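Inspection log for the structure reproduced underneath, given as structure tokens.
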Amino acid sequence: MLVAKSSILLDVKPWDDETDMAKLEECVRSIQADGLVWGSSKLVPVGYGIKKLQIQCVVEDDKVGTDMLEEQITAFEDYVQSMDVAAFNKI
């Protein structure tokens, strides 16, 4: 833990291949907050066409919660099929 920070990996499923991943992957990043750090995202293909919307973030221990990020990322019901959690621990 650098300085009172943590790592939380999120995983969201796109409605379909139509779901502009570039936007989903971007929007996710675009999202900004106080003490909110955006790390590198990951991809996980289920079988071409569609892919997983996995991304990593670095919150401040318990300062920046996923609640917001979720309400922001999953705020798009026209892209996010169903958000979930990949884990919850420090960075």
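Within each chain, counting starts at residue 1; across the structure tokens, chains are named A, B, ... in the order shown, with ligands numbered 1 upward in that order.
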How would you write, as a list in words, the set of residues in chain A that DSSP gives as helix (DSSP H, G or I)?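 Selection result, helix (DSSP H, G or I) within chain A: residues 21, 22, 23, 24, 25, 26, 27, 28, 29, 30, 66, 67, 68, 69, 70, 71, 72 and 73 of chain A.
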Just-selected residues, N, CA and C atoms written as an mmCIF file, in the first residue's frame:
```cif
data_model
loop_
_atom_site.group_PDB
_atom_site.id
_atom_site.type_symbol
_atom_site.label_atom_id
_atom_site.label_comp_id
_atom_site.auth_asym_id
_atom_site.auth_seq_id
_atom_site.Cartn_x
_atom_site.Cartn_y
_atom_site.Cartn_z
ATOM 1 N N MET A 21 -16.938 -0.752 -26.767
ATOM 2 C CA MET A 21 -15.964 -1.016 -25.720
ATOM 3 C C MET A 21 -15.023 0.177 -25.537
ATOM 4 N N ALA A 22 -14.731 0.837 -26.646
ATOM 5 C CA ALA A 22 -13.848 1.991 -26.621
ATOM 6 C C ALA A 22 -14.446 3.064 -25.711
ATOM 7 N N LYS A 23 -15.765 3.173 -25.762
ATOM 8 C CA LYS A 23 -16.468 4.152 -24.951
ATOM 9 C C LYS A 23 -16.580 3.632 -23.516
ATOM 10 N N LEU A 24 -16.945 2.362 -23.407
ATOM 11 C CA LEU A 24 -17.091 1.736 -22.104
ATOM 12 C C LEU A 24 -15.749 1.768 -21.375
ATOM 13 N N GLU A 25 -14.701 1.425 -22.110
ATOM 14 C CA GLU A 25 -13.362 1.411 -21.547
ATOM 15 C C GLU A 25 -12.900 2.836 -21.240
ATOM 16 N N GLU A 26 -13.331 3.758 -22.089
ATOM 17 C CA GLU A 26 -12.970 5.156 -21.922
ATOM 18 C C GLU A 26 -13.776 5.779 -20.781
ATOM 19 N N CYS A 27 -15.088 5.778 -20.957
ATOM 20 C CA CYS A 27 -15.979 6.338 -19.954
ATOM 21 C C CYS A 27 -15.465 5.928 -18.572
ATOM 22 N N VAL A 28 -15.285 4.626 -18.406
ATOM 23 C CA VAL A 28 -14.800 4.092 -17.144
ATOM 24 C C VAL A 28 -13.617 4.933 -16.662
ATOM 25 N N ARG A 29 -12.711 5.210 -17.587
ATOM 26 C CA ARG A 29 -11.533 5.998 -17.271
ATOM 27 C C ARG A 29 -11.923 7.459 -17.029
ATOM 28 N N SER A 30 -12.629 8.017 -18.001
ATOM 29 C CA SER A 30 -13.070 9.400 -17.908
ATOM 30 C C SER A 30 -13.495 9.718 -16.473
ATOM 31 N N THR A 66 -16.526 1.901 -4.743
ATOM 32 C CA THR A 66 -16.996 1.489 -6.053
ATOM 33 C C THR A 66 -18.457 1.903 -6.251
ATOM 34 N N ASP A 67 -19.130 2.127 -5.132
ATOM 35 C CA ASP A 67 -20.528 2.527 -5.167
ATOM 36 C C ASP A 67 -20.713 3.618 -6.224
ATOM 37 N N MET A 68 -19.910 4.664 -6.097
ATOM 38 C CA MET A 68 -19.975 5.776 -7.027
ATOM 39 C C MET A 68 -19.569 5.337 -8.437
ATOM 40 N N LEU A 69 -18.380 4.757 -8.520
ATOM 41 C CA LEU A 69 -17.863 4.289 -9.795
ATOM 42 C C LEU A 69 -18.931 3.445 -10.493
ATOM 43 N N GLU A 70 -19.555 2.573 -9.713
ATOM 44 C CA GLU A 70 -20.593 1.705 -10.242
ATOM 45 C C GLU A 70 -21.767 2.537 -10.763
ATOM 46 N N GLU A 71 -22.273 3.397 -9.892
ATOM 47 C CA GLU A 71 -23.392 4.254 -10.251
ATOM 48 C C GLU A 71 -23.027 5.131 -11.449
ATOM 49 N N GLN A 72 -21.736 5.165 -11.745
ATOM 50 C CA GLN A 72 -21.244 5.957 -12.858
ATOM 51 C C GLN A 72 -21.008 5.067 -14.080
ATOM 52 N N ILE A 73 -20.338 3.950 -13.837
ATOM 53 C CA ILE A 73 -20.041 3.008 -14.904
ATOM 54 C C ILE A 73 -21.323 2.275 -15.303
#
```
What's the 10 Å shell around residue 34 (chain A), counting only C-alpha atoms, without same-chain residues fewer than 6 positions away, as a ChimeraX atom specification? /A:59-60,63-64
Store the residues picked out above, limited to N, CA, C and O atoms, as a short mmCIF file (atom, residue, chain, number, x, y, z; two decimals), in the first residue's frame.
```
data_model
loop_
_atom_site.label_atom_id
_atom_site.label_comp_id
_atom_site.auth_asym_id
_atom_site.auth_seq_id
_atom_site.Cartn_x
_atom_site.Cartn_y
_atom_site.Cartn_z
N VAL A 59 -8.27 3.17 -5.10
CA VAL A 59 -8.96 4.06 -4.18
C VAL A 59 -8.05 4.35 -2.98
O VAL A 59 -7.02 3.70 -2.81
N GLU A 60 -8.47 5.32 -2.18
CA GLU A 60 -7.71 5.69 -1.00
C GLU A 60 -8.18 4.89 0.21
O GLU A 60 -8.93 5.40 1.05
N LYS A 63 -11.61 5.63 0.90
CA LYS A 63 -12.04 6.97 0.56
C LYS A 63 -12.95 6.90 -0.68
O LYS A 63 -14.09 7.36 -0.64
N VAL A 64 -12.41 6.33 -1.74
CA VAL A 64 -13.15 6.20 -2.98
C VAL A 64 -13.73 4.79 -3.07
O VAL A 64 -13.00 3.82 -3.21
#
```
A:58, A:46, A:37, A:86 ranked by distance to residue 17 (chain A), top pick (using only C-alpha atoms):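 For residue 17 (chain A), the nearest of the candidates is A:46.
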Chain A: which residues are strand (DSSP E) by DSSP, as an mmCIF file with N, CA, C and O atoms, in the first residue's frame?
```
data_model
loop_
_atom_site.group_PDB
_atom_site.id
_atom_site.type_symbol
_atom_site.label_atom_id
_atom_site.label_comp_id
_atom_site.auth_asym_id
_atom_site.auth_seq_id
_atom_site.Cartn_x
_atom_site.Cartn_y
_atom_site.Cartn_z
ATOM 1 N N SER A 6 -5.674 1.524 -1.952
ATOM 2 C CA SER A 6 -6.164 0.166 -2.114
ATOM 3 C C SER A 6 -6.427 -0.124 -3.593
ATOM 4 O O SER A 6 -6.457 0.793 -4.413
ATOM 5 N N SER A 7 -6.610 -1.401 -3.891
ATOM 6 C CA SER A 7 -6.869 -1.823 -5.256
ATOM 7 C C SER A 7 -8.177 -2.614 -5.321
ATOM 8 O O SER A 7 -8.374 -3.558 -4.559
ATOM 9 N N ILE A 8 -9.038 -2.197 -6.239
ATOM 10 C CA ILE A 8 -10.322 -2.856 -6.414
ATOM 11 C C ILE A 8 -10.565 -3.101 -7.904
ATOM 12 O O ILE A 8 -10.680 -2.156 -8.682
ATOM 13 N N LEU A 9 -10.639 -4.376 -8.257
ATOM 14 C CA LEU A 9 -10.868 -4.758 -9.640
ATOM 15 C C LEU A 9 -12.366 -4.978 -9.863
ATOM 16 O O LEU A 9 -13.013 -5.687 -9.093
ATOM 17 N N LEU A 10 -12.872 -4.360 -10.919
ATOM 18 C CA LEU A 10 -14.281 -4.479 -11.252
ATOM 19 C C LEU A 10 -14.425 -5.230 -12.577
ATOM 20 O O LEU A 10 -13.493 -5.265 -13.380
ATOM 21 N N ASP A 11 -15.600 -5.812 -12.767
ATOM 22 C CA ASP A 11 -15.877 -6.560 -13.981
ATOM 23 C C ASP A 11 -17.333 -6.329 -14.395
ATOM 24 O O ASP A 11 -18.252 -6.585 -13.617
ATOM 25 N N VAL A 12 -17.498 -5.851 -15.620
ATOM 26 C CA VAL A 12 -18.825 -5.582 -16.146
ATOM 27 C C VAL A 12 -18.981 -6.278 -17.499
ATOM 28 O O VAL A 12 -18.010 -6.433 -18.238
ATOM 29 N N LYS A 13 -20.211 -6.680 -17.783
ATOM 30 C CA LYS A 13 -20.508 -7.356 -19.035
ATOM 31 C C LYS A 13 -21.314 -6.419 -19.938
ATOM 32 O O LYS A 13 -22.295 -5.821 -19.499
ATOM 33 N N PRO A 14 -20.857 -6.318 -21.214
ATOM 34 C CA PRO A 14 -21.524 -5.464 -22.182
ATOM 35 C C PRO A 14 -22.831 -6.097 -22.664
ATOM 36 O O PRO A 14 -22.942 -7.320 -22.740
ATOM 37 N N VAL A 37 -7.998 7.130 -8.221
ATOM 38 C CA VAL A 37 -6.933 6.882 -9.176
ATOM 39 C C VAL A 37 -7.385 5.813 -10.172
ATOM 40 O O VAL A 37 -7.924 4.780 -9.777
ATOM 41 N N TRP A 38 -7.148 6.095 -11.444
ATOM 42 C CA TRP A 38 -7.524 5.171 -12.500
ATOM 43 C C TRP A 38 -6.255 4.471 -12.990
ATOM 44 O O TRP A 38 -5.341 5.119 -13.496
ATOM 45 N N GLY A 39 -6.240 3.157 -12.823
ATOM 46 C CA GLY A 39 -5.098 2.362 -13.242
ATOM 47 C C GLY A 39 -5.304 1.809 -14.653
ATOM 48 O O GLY A 39 -5.952 2.442 -15.485
ATOM 49 N N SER A 40 -4.743 0.630 -14.880
ATOM 50 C CA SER A 40 -4.857 -0.017 -16.176
ATOM 51 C C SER A 40 -6.015 -1.017 -16.160
ATOM 52 O O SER A 40 -6.239 -1.699 -15.161
ATOM 53 N N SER A 41 -6.720 -1.073 -17.282
ATOM 54 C CA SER A 41 -7.849 -1.977 -17.411
ATOM 55 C C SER A 41 -7.412 -3.265 -18.111
ATOM 56 O O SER A 41 -6.350 -3.310 -18.730
ATOM 57 N N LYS A 42 -8.252 -4.282 -17.990
ATOM 58 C CA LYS A 42 -7.965 -5.568 -18.604
ATOM 59 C C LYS A 42 -9.165 -6.007 -19.445
ATOM 60 O O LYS A 42 -10.278 -5.524 -19.243
ATOM 61 N N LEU A 43 -8.898 -6.914 -20.371
ATOM 62 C CA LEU A 43 -9.941 -7.422 -21.246
ATOM 63 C C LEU A 43 -9.980 -8.948 -21.151
ATOM 64 O O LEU A 43 -8.950 -9.589 -20.947
ATOM 65 N N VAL A 44 -11.181 -9.488 -21.305
ATOM 66 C CA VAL A 44 -11.368 -10.928 -21.240
ATOM 67 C C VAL A 44 -12.440 -11.344 -22.247
ATOM 68 O O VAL A 44 -13.632 -11.150 -22.008
ATOM 69 N N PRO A 45 -11.969 -11.925 -23.383
ATOM 70 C CA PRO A 45 -12.873 -12.370 -24.430
ATOM 71 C C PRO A 45 -13.585 -13.662 -24.024
ATOM 72 O O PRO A 45 -12.966 -14.569 -23.469
ATOM 73 N N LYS A 51 -16.742 -9.083 -25.169
ATOM 74 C CA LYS A 51 -15.589 -9.107 -24.285
ATOM 75 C C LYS A 51 -16.007 -8.614 -22.898
ATOM 76 O O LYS A 51 -17.071 -8.018 -22.741
ATOM 77 N N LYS A 52 -15.146 -8.882 -21.926
ATOM 78 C CA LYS A 52 -15.412 -8.472 -20.558
ATOM 79 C C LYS A 52 -14.929 -7.034 -20.357
ATOM 80 O O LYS A 52 -13.933 -6.621 -20.951
ATOM 81 N N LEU A 53 -15.658 -6.309 -19.520
ATOM 82 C CA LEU A 53 -15.315 -4.926 -19.234
ATOM 83 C C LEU A 53 -14.628 -4.847 -17.869
ATOM 84 O O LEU A 53 -15.176 -4.277 -16.928
ATOM 85 N N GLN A 54 -13.438 -5.427 -17.807
ATOM 86 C CA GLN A 54 -12.671 -5.428 -16.573
ATOM 87 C C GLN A 54 -11.752 -4.206 -16.517
ATOM 88 O O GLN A 54 -11.129 -3.847 -17.516
ATOM 89 N N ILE A 55 -11.697 -3.601 -15.341
ATOM 90 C CA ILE A 55 -10.865 -2.425 -15.142
ATOM 91 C C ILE A 55 -10.367 -2.399 -13.696
ATOM 92 O O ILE A 55 -11.014 -2.941 -12.800
ATOM 93 N N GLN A 56 -9.220 -1.762 -13.510
ATOM 94 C CA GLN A 56 -8.626 -1.656 -12.188
ATOM 95 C C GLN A 56 -8.575 -0.194 -11.744
ATOM 96 O O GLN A 56 -8.360 0.700 -12.561
ATOM 97 N N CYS A 57 -8.778 0.006 -10.450
ATOM 98 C CA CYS A 57 -8.758 1.346 -9.888
ATOM 99 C C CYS A 57 -7.978 1.303 -8.573
ATOM 100 O O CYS A 57 -7.795 0.235 -7.989
ATOM 101 N N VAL A 58 -7.540 2.478 -8.142
ATOM 102 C CA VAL A 58 -6.784 2.587 -6.907
ATOM 103 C C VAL A 58 -7.429 3.646 -6.011
ATOM 104 O O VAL A 58 -7.160 4.837 -6.159
ATOM 105 N N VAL A 59 -8.269 3.173 -5.102
ATOM 106 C CA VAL A 59 -8.955 4.065 -4.183
ATOM 107 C C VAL A 59 -8.051 4.349 -2.983
ATOM 108 O O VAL A 59 -7.018 3.703 -2.812
ATOM 109 N N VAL A 80 -23.992 -1.417 -20.075
ATOM 110 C CA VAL A 80 -23.668 -2.365 -19.022
ATOM 111 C C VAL A 80 -24.813 -3.371 -18.880
ATOM 112 O O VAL A 80 -25.957 -2.984 -18.650
ATOM 113 N N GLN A 81 -24.464 -4.641 -19.020
ATOM 114 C CA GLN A 81 -25.447 -5.704 -18.910
ATOM 115 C C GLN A 81 -25.660 -6.080 -17.442
ATOM 116 O O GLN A 81 -26.789 -6.330 -17.020
ATOM 117 N N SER A 82 -24.561 -6.104 -16.704
ATOM 118 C CA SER A 82 -24.613 -6.444 -15.292
ATOM 119 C C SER A 82 -23.212 -6.364 -14.682
ATOM 120 O O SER A 82 -22.337 -7.158 -15.020
ATOM 121 N N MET A 83 -23.045 -5.396 -13.793
ATOM 122 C CA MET A 83 -21.766 -5.199 -13.133
ATOM 123 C C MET A 83 -21.613 -6.150 -11.943
ATOM 124 O O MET A 83 -22.604 -6.556 -11.335
ATOM 125 N N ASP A 84 -20.363 -6.475 -11.642
ATOM 126 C CA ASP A 84 -20.069 -7.369 -10.535
ATOM 127 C C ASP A 84 -18.738 -6.962 -9.898
ATOM 128 O O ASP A 84 -18.151 -5.949 -10.274
ATOM 129 N N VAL A 85 -18.304 -7.773 -8.944
ATOM 130 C CA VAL A 85 -17.053 -7.510 -8.252
ATOM 131 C C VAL A 85 -16.069 -8.647 -8.535
ATOM 132 O O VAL A 85 -16.454 -9.815 -8.558
#
```
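Proximity to residue 78 (chain A) was assessed for A:36, A:49, A:20, A:31 counting only C-alpha atoms; the smallest distance is recorded for A:20.
Between CA of residue 77 (chain A) and CA of residue 48 (chain A) the interatomic distance comes to 21.9 Å.
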Between CA of residue 33 (chain A) and CA of residue 87 (chain A), measure the distance and give it in Å to one decimal. 20.6 Å
